[PDB]
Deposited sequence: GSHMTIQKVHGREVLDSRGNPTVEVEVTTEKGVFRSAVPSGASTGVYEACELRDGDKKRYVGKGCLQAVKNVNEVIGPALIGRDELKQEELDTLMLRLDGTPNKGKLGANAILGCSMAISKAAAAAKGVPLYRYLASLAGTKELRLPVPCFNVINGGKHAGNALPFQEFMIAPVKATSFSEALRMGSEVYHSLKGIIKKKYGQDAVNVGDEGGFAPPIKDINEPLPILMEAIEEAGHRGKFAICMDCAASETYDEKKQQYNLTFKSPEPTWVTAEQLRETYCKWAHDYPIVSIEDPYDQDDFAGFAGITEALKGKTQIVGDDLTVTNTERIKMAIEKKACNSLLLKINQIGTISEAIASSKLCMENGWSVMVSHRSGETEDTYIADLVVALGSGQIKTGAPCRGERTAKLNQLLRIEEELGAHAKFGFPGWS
């Protein structure tokens, strides 16, 4: 019939770091719907298909993934009812036939899954976040507390700092508008504080908009963030979220954490000390991707005070998530749609986790685009936690602006934040 999918086309585009990624457009009677796939540039993840042709983009081309969209998936979608998300996502999973989307590519299937949901939402006559909420059966929509990336370390910075991300979050804000503003003002106080204590050539930013100051000391980042919060004029209104990415400094051969050498229990120490002294309400990957025992041991320890977020642990993987749920290895799931492959599965994983008392933090990827899907997504799941970078760089601010638009659209009574952090 009529209101059916008419065209499906994919193409190569650049992400925020100059690397190619996939973009898909689904055309229907109501228009053209386009979605772009994020990239993290980093085993449990769904397969991201790259050309590997050193002649183009240093082998990072996505021509094969685009081709799979234009030649295999697209033609199977022509004529189909875009309203059937689960049915269409299932078709693509079956079209691929492998557990990790290795034949067609997760970066080929995801663009389609996303664009389909956008076309279906338009067909229904409601914004994306509303269509996705009904899809996820979400009872209450809500604007998330944005966790802004402001200080980099580890593999991220040519620093003396081992841990990865240091974030600030306006938990006490009463609206996303105020939240975004506060985050912004603090980000600027920080820029000025870092320029004074490290120099002008120290405020340039990393992939996520945050700073990578030459921090040569480990108990320096937290206090500097408190000072920036203080100076911005928002003392007591923020909390802190960390992403240790502890795997990047762990080798079993030693069962060591070279920060110098420290171990787990001798690590669960630094954490507790930082979670007792600072308002750190969330720690991501405090341990290695497989140190389950250590994972669950820091989860019940900091329970009620600091959520433990799984990333290199859950890798947004179904099997991996259930292993974590069973061993209580963590209580917060970082949701990266491109690590799983489809929206039906992404939503399924969020629901499974929330059903087990877990919280969900929707996040971006190191390599983002002007795409704003996760903005509508985080609101549709009503999780109240998202991480799309510092309030700097277009691929980050595009999401923050979309959240502003969603709030305005919902009205003064729109709910804001994570109830456990307010």
Legend entry - Where the deposited sequence has no C-alpha coordinates (positions from 1, in order): 1, 44-45, 263-269
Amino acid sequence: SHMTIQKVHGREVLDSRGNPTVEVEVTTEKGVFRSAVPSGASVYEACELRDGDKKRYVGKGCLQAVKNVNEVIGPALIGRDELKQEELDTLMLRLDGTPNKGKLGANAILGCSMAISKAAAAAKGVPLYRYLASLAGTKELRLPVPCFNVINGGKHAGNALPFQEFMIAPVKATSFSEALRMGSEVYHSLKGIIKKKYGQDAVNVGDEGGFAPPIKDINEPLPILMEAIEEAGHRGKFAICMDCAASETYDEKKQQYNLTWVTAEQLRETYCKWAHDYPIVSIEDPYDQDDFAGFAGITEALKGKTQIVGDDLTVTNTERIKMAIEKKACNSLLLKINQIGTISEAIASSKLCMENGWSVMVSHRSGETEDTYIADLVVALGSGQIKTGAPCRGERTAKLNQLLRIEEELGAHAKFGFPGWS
From here on, numbers count along this sequence of modelled residues.
Legend entry - 379-387 set against 64-72, stretch whose average Cα temperature factor tops the other in the entry: 379-387
Inset, instruction - Return whichever of 358-366 and 392-400 has the greater mean Cα B factor according to the PDB record. - result: 358-366
Legend entry - Peak C-alpha temperature factor (PDB record), options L334, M114, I280, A160: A160
Legend entry - Highest-ranked of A123, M182, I325, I78 once sorted by CA temperature factor in the record: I325
Legend entry - Entry-reported Cα temperature factor of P214, expressed as the chain third it lands in: highest
Inset, instruction - Sort the modelled residues of this chain by their C-alpha B factor and say whether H413 lands in the lowest, middle or highest third. - result: highest
Inset, instruction - Would you mind checking where the Cα B-factor of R50 ranks among the modelled residues of its chain, as the lowest, middle or highest third? - result: lowest
Inset, instruction - Check where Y287 lands among this chain's C-alpha B-factors and tell me if it's the lowest, middle or highest third. - result: highest
Legend entry - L110, C-alpha B-factor rank within chain (lowest, middle or highest third): lowest
